[PDB]
Amino acid sequence: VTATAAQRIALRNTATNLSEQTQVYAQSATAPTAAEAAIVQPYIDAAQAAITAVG
């Protein structure tokens, strides 16, 4: 409610990218190696940065 439009739209922007990037873990149950974890990690941080600062 108090949050501006930029934060509200970023909430969806980060969530969409995180959902798109995480889809790989639903097709298989094999644990990933350190190479893919490093590539996937920044999206989690970005999603956390948008979950915070909006409440």
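Here segment 25-50 is the region considered, the condition is being exposed (fewer than 12 other Cβ atoms within 10 Å of the Cβ) and either hydrophobic (A, V, I, L, M, F, W, C) or in contact with a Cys (Cβ under 8 Å, 6 or more places away or on another chain) (or both), and the residue that is nearest to residue 5 (Cα to Cα) is 39.
Among the residues here, residue 20 does not qualify as surrounded by 11 or more Cβ atoms within 10 Å (Cβ to Cβ) and among the acidic types (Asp, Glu). The single condition among (1) of a type outside the set (A, V, I, L, M, F, W, C); (2) without any contact (Cβ under 8 Å) to a residue 24 or more places away in the chain; (3) surrounded by 11 or more Cβ atoms within 10 Å (Cβ to Cβ) that residue 2 does not meet is (3).
Virtual Cβ from ideal backbone geometry, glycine too; neighbours counted across all protein chains shown. No lab work stands behind these numbers, since they all come straight from the coordinates.
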